[PDB]
Novice: 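I have a structure I would like to understand better, so I am pasting it below and will then ask my questions one at a time.
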Amino acid sequence: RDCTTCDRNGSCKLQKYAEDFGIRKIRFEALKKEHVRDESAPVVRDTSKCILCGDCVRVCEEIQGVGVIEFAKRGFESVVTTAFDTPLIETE
Amino acid sequence: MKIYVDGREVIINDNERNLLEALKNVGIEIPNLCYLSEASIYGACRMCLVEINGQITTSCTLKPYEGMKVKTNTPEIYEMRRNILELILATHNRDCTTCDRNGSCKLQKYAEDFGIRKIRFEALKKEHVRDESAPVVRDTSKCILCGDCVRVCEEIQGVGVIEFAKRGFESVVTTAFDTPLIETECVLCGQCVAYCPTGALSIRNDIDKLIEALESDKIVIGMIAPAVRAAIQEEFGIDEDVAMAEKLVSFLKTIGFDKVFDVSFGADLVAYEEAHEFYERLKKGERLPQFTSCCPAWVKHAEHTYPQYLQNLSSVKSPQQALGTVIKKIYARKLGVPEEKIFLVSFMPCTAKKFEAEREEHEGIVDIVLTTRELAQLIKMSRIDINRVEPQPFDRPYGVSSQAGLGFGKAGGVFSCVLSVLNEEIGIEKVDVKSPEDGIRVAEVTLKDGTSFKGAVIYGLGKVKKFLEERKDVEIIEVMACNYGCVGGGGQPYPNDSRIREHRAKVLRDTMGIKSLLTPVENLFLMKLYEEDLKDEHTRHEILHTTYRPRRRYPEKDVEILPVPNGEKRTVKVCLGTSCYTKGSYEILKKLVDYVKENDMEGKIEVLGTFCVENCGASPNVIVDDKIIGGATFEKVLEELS
Amino acid sequence: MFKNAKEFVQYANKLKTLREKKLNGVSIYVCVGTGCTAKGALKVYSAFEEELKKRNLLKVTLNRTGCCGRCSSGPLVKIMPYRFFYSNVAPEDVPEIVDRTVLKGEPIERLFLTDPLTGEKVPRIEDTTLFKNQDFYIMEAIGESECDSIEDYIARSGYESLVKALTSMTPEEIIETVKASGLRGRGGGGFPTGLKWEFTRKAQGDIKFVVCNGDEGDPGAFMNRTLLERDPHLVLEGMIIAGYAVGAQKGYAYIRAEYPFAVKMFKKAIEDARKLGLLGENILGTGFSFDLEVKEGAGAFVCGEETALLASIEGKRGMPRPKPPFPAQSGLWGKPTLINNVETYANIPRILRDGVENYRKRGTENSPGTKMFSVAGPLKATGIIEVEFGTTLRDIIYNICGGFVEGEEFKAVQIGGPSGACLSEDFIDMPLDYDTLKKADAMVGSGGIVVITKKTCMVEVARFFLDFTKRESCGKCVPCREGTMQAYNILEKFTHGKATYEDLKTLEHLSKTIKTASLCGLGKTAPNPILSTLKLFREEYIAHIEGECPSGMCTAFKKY
Amino acid sequence: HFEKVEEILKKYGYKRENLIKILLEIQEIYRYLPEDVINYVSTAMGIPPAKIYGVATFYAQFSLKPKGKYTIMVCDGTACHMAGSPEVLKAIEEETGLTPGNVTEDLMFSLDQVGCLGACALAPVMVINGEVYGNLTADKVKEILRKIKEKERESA
Ligand SMILES: Cc1cc2nc3c(=O)[nH]c(=O)nc-3n(C[C@H](O)[C@H](O)[C@H](O)COP(=O)(O)O)c2cc1C
Ligand code: SF4
Ligand code: SF4
Ligand code: SF4
Ligand code: SF4
Ligand code: SF4
Ligand code: SF4
Ligand code: FES
Ligand code: FES
Ligand code: FES
Ligand code: FES
Ligand SMILES: [Zn+2]
């Protein structure tokens, strides 16, 4: 939850619901996730903002035919990433 | 006056204070973080940089002169503006999802527009303050130190409970000694929140309690304030709408409210009671001038500032408390259900009503008070088109009200309602209204028999002091803590400027216009309530009357050396003044500290420090069990401790 | 003298006679100015008191004098009939002084002043090479003037200029002569004082104010408090003359509460002047009224700003505001206010007594007069010195201060504190002036000087100055409040040997923002040390980025 | 029931222009600015407490915590800083476990870093209850702190 330095700031559905639902506190603990940040390529990845909707995976595979990003691990550790967390500039 | 902006001819205005305002009037916007509300000033953000004659300067403090060449956009100015914004954002608590200004924050919009995506500066730590003890919540980690709240509380509200403290990186807007806002002289008017451009000042959200109550087996009963229906339409980007209250009733019933009532009925009841109380006071010529008690912020202000006028305050409780007590004590019996089974929800435009509902004299009557913004959040969660909602009337028997009752939502409402009640009981020959100042109105009222009085209406706290000091020719005074009355309350939708408040007052006037019955007595349900329930004066007093007590700070705030959080102890306090320090005081303190270092395994002894005890010239003074010793020394404090 | 100038002249002449009578006899002066008292000047005065009383031979007079410009040379004492100068006067050898000198008069070689240049001992300070190398115009009668005596000041021709201005001249001609003299603001800006007086006088308003800025504007300078403790009546006379010139009926002196001696001395001077009639409802029966009051400064560097000073005097937080409207039109409580430094007011009566040509004989064609400084750092002779506006850094450092201590070399010099400049050897041979060096990225400043040696790290100097500025910022505007702290963080990163080139570029680009976008002068000059050291000592910053510190002190990497 | 404070307020006539001087006097009397005392001053002068708190926390001479029995005043001026003041501060910290602006548990020591004391010839310079120790080093600072600790501990 750091919207000032986000590209979806002002055009984020989650931000709009957080505003509308009146969420002013979180009684749920901010559990620690093995988040992945990548800045090697012009396309920048940051899994700490990911809601795991899966749209990017479908876009890359079905629409673009590359399929370089895909769901990895499972449960609370579910993450959309590249094979072996390889930097994007080093993949296909 | 014609000027050149970026090389094109521009006509600004004949006489202007500064280049920034002149260009804004033209329609040329210079980014800045100084103009944030009506209580804003210029000079702090430093983001309005323009170039003129080679040197860069702020446009908010530059006088526009004819034939001036100003470049508002140069690479140097871009670099400087981005640097300033990054400086602001580096130390700003950037959690917008849980912020109360999310989606309506200028700083957030600038961060979006300036493409700030990384913080080149360190997010350095400050000694931030987090005050959640009052319905007004303070979080200085989101503060941009614009100073609008200070000016609002001092120049507009006249309380001055929040001020700038420290300097430099530690600069913070706070109360004295970081005291919790609940324990200060704060009246909880919420105007600082209404003017705050960030989430630093916010209202305590209580939606979770409402949801858990609705989910339970209790009978949830809601009542809406007159000024809530005149402003809720702003949150959805729609224009004025009469019948807003009825579609609000429809929505509330849809989400699980068993009964929804109108606080305007309580307003009419309060006006009736206050009219009779005021008439008795006049005919006896005692306890004058009278003060209305409908504004809890004004009540708390009087308790803090005018302990002598606490007997002149109206005994009648506010419409919220009056109607809530009526419900809990009469409607529950009429429904044959225990009072524990009813959950009373109050939808108000005021942050001080949250405090009033928690007052020791009103305990257990109103369960939760939700502001207009919180009701708008409730509507937005459902995602229903409230515009398309079919209206339905308020539930009976507390659903109908008179035009005078609905007039309570704006300044001059309770006085007008009282005047209507008096006119109906005993005609009014003529009312002559004067306007000494912007927010002060004085009326000259003559009754049919010949007994006349002067009643004054004052909206906006901070105007009360001068009027009470210089004017003694009135018998009844209406005080509203917020400008324009409750239409500009702390809990109203943001922004909450004066133009929006005037539009809200116009909307409330239009809503009043469609009311058939004009005075409280014409309200048949109200006369019924008196006939079968409030017949005798004993129950009427126990139901519609309250008491007021003075407020004075009780601060001990003495130095804590080796404190004990709780439990039976000895609480030894050592004087630390210069006179006592002159011989032995600090050395005795060292002896006691070492004694409790070797002895006093438990919290039996509390070595404590206190300032001068007004016993100078009598040797070092050490307090024991709140007793004076004089000539204190380690052996004497020991034996007394024995 | 409480009626007209004739009795004042009679009083002054009789006091001159009395002063000459006392001087011809045996008398003692102990420098009780700051620095000497730090070394035990008060104990020396007490020793003289007790020794001369137990022997009970007081026709000797014991007096307290002000700073004599040799603060480092121990407590300072001199006997008048034979003007011998004593240094490092321990309280233990005072009986020796009384026995050997006061009664007989034998010179004491062991207790004289050394000479750093020629390496010898001279009996008299007036004959000392350092004394000759200086130019004393404000500092008069060094070591033989009573700070706590209006009587002595009058006996030294003091207060004559104010009488001349009142009885003879009119405010217009006073302002004209001040403008012609070319006196420039000593606070550091150098703005012509005559123009400021004209601005204040021409301002529309019956009631006006005169304010004195006692602050040194530097955490390493003590020139202003030294001047105040030396001759409080000189500053008092300057303030009264300024009030008469600009038509003010009220004056405010702003002295830090941190200086008990200066505050007490100025209060005593004001009380004495009021008692003698120089202040009150009617001064010298000329129809002109004026009073003065000392306002204690609770301590805030930002209070040296004009607007911040005005806010502090009124009892508020010392918060500056956009300068226009200037204080010369709407200052204290909205009334016109004249704000000048202490040394400016000290110069005023000196200019009035002398002429314009005589005043301009010293200095240059743009900056006539003298400049009192305060040299510190490792040097043979440190303290308070006065030089004309034509000297070079080398003259002060070596010829006047005697040079560096054996085993210590010159690296750089600070000339204006945090807001000043960092000058290396390349600019040492530049004549001090408000214009000659104001264009070469430098400034004479308020008057503080500190010498930086080869064993001093310039990155550390920048970090220290930025830490000072970060602590001193009032927190009103974003650039100063935030950027000063961020720059201090970056400099701390450099100091701890964990900085990078990106940090260097960030600091460089943030300094320009701080300098340009800041509201007042505190933030505008906040990055002056960073810019100075970057322009003159870039290789040291680069070395720190490589974990070297060629000066080798930053305790961040060693013995690995 | 405040008497000396009332005397000061009457002396300066409840004028806010004299607020800083009043606070100075009150500090010299109480050794600091207690919350109760300035609440009383606020009530007497008709000025909100927040204003007095803002003024008090803006200036350095005002302290909200009691001064130590031995108030240490270390010079942080330019000459003193380059002469080894950080070493003096580190020695003070490692000997008494405090940093500038803090006080010890038993109020025995308090520390403040201030500007030039006018004795740069003695750089680094330290002041303790008006006693100035010049040409200080870590060894000397520790020696003098230990000596004063023994002297006070004696009590007698
Ligand atoms: C942070 C700061 C501190 C200052 N300190 C002083 C000072 O101590 N003495 C002084 O004369 N001017 C000081 N100044 C400059 C004055 O605010 C301003 O120049 C004033 O007009 C002095 O008048 P003068 O030029 O006649 O001396 C300071 C300015 C700033 C921004
Ligand atoms: S799953 Fe893919 S598209 Fe969806 S939020 Fe995460 S990164 Fe974005
Ligand atoms: S005030 Fe709230 S919404 Fe605005 S930037 Fe800060 S956290 Fe985000
Ligand atoms: S709620 Fe009202 S009284 Fe309280 S701090 Fe805000 S503006 Fe001041
Ligand atoms: S709390 Fe809000 S209104 Fe007050 S200074 Fe901070 S940002 Fe401005
Ligand atoms: S005027 Fe109305 S909204 Fe404002 S504090 Fe009083 S009751 Fe609340
Ligand atoms: S530059 Fe610094 S001292 Fe000057 S007004 Fe801005 S924050 Fe205050
Ligand atoms: S608009 Fe903010 S400083 Fe000019
Ligand atoms: S100082 Fe202790 S009783 Fe006053
Ligand atoms: S204070 Fe004594 S010579 Fe300077
Ligand atoms: S710099 Fe410390 S006494 Fe001068
Ligand atoms: Zn270094």
Side-chain angles (χ1 to χ4, degrees), chain A residues 6-8 12-14 35-36 38 43-61 69-72 78-82 88, chain C residues 34-35 38-39 71-72 216 218-223 225-226 258 374-377 382-384 414 417 448-450 455-464 468 491-492 494-497 499 533 537 539-558, chain D residues 73-85 88 113-127 132-136:
Chain A
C6 188
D7 260 306
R8 282 297 175 265
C12 183
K13 209 176 163 205
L14 181 71
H35 282 137
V36 176
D38 203 34
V43 170
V44 165
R45 286 191 300 137
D46 193 348
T47 67
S48 73
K49 293 179 182 178
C50 180
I51 52 157
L52 290 156
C53 65
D55 284 27
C56 61
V57 178
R58 285 182 282 283
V59 161
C60 198
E61 187 168 16
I69 47 169
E70 190 276 331
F71 281 111
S78 287
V79 66
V80 168
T81 183
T82 59
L88 206 70
Chain C
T34 191
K39 297 198 161 182
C71 295
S72 66
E216 279 81 336
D218 179 358
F222 55 102
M223 65 182 179
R225 67 191 291 195
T226 291
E258 317 179 331
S374 60
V375 188
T382 61
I384 290 283
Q414 266 301 301
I449 282 153
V450 188
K455 58 169 69 159
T456 300
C457 185
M458 305 314 296
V459 184
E460 174 61 60
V461 171
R463 189 217 63 83
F464 166 77
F468 178 72
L491 280 164
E492 193 180 9
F494 288 103
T495 300
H496 290 314
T533 65
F537 307 92
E539 70 280 9
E540 270 186 284
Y541 284 65
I542 301 299
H544 285 84
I545 300 166
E546 311 167 305
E548 172 180 356
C549 190
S551 166
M553 65 184 73
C554 303
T555 55
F557 44 94
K558 36 187 74 189
Chain D
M73 288 282 296
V74 166
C75 180
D76 201 22
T78 314
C80 280
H81 184 84
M82 317 276 162
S85 78
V88 180
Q113 70 189 128
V114 298
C116 180
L117 289 157
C120 315
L122 284 77
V125 176
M126 191 170 75
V127 175
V132 71
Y133 313 89
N135 283 117
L136 276 172

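Values reported hereafter were calculated over all heavy atoms of this structure, with side chains retained and with hydrogens, waters and symmetry mates removed. For ligands, and for the atoms within them, numbers begin at 1 and follow the listed sequence. Convention: sequence-line order gives letters A, B, ...; per-chain numbering from 1.
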Novice: Quick check against the 3.5 Å criterion: does C:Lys39 have a side-chain atom that pairs as donor or acceptor with the backbone of D:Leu122?
Specialist: no
Novice: Is atom 8 (Fe) of ligand 2 near the protein, in the sense that some protein heavy atom lies at less than 4.0 Å from it?
Specialist: no
Novice: Kindly compute the distance separating CD1 (C:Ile542) from CD (C:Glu546), expressed to the nearest 0.5 Å.
Specialist: 7.0 Å
Novice: Return yes when atom NZ of A:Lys13 has more than 12 non-hydrogen atoms of other residues, nucleotides or ligands closer than 6.0 Å, and no otherwise.
Specialist: no
Novice: Where the side chain of A:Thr81 meets the backbone of A:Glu70, is there a donor-acceptor pair that is under 3.5 Å apart?
Specialist: no
Novice: Would you say D:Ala119 contacts ligand 11, with heavy atoms under 4.0 Å as the rule?
Specialist: yes
Novice: For D:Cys116, which residues count as a side-chain contact (heavy atoms from CB on, under 4.5 Å) partner, sequence neighbours excluded?
Specialist: C:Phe222, D:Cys120
Novice: Which ligand 11 atoms are under 4.0 Å away from a heavy-atom of D:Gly118?
Specialist: 3 (S)
Novice: Once rounded to the nearest 0.5 Å, what's the spacing between atom CZ of A:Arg45 and atom CG of A:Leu88?
Specialist: 5.5 Å
Novice: Quick check, are the ring centers of C:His544 and C:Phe494 under 6.0 angstrom apart?
Specialist: no
Novice: Report the part of D:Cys120 (side chain from C-beta onward, or backbone N, CA, C, O) that has a heavy atom under 4.0 Å from ligand 11; answer both or neither where that applies.
Specialist: both
Novice: Hey, does the side chain of C:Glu216 reach the backbone of C:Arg225 with a donor-acceptor pair shorter than 3.5 angstrom?
Specialist: yes
Novice: Got a donor-acceptor contact below 3.5 angstrom from the A:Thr47 side chain to the A:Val36 backbone?
Specialist: yes
Novice: With heavy atoms of D:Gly77 as the reference, note each atom of ligand 11 found under 4.0 Å away.
Specialist: 1 (S)
Novice: Out of all atoms in ligand 11, which are within 4.0 Å of some heavy atom of D:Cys75? Include the element for each.
Specialist: 1 (S), 2 (Fe), 3 (S)
Novice: Which residue owns the protein heavy atom closest to atom 3 (S) of ligand 11, what's the atom, and how far is it?
Specialist: D:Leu117 N, 3.3 Å
Novice: What are the protein N, O or S atoms, given as residue plus atom name, that sit under 2.8 Å from atom 2 (Fe) of ligand 2?
Specialist: A:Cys56 SG
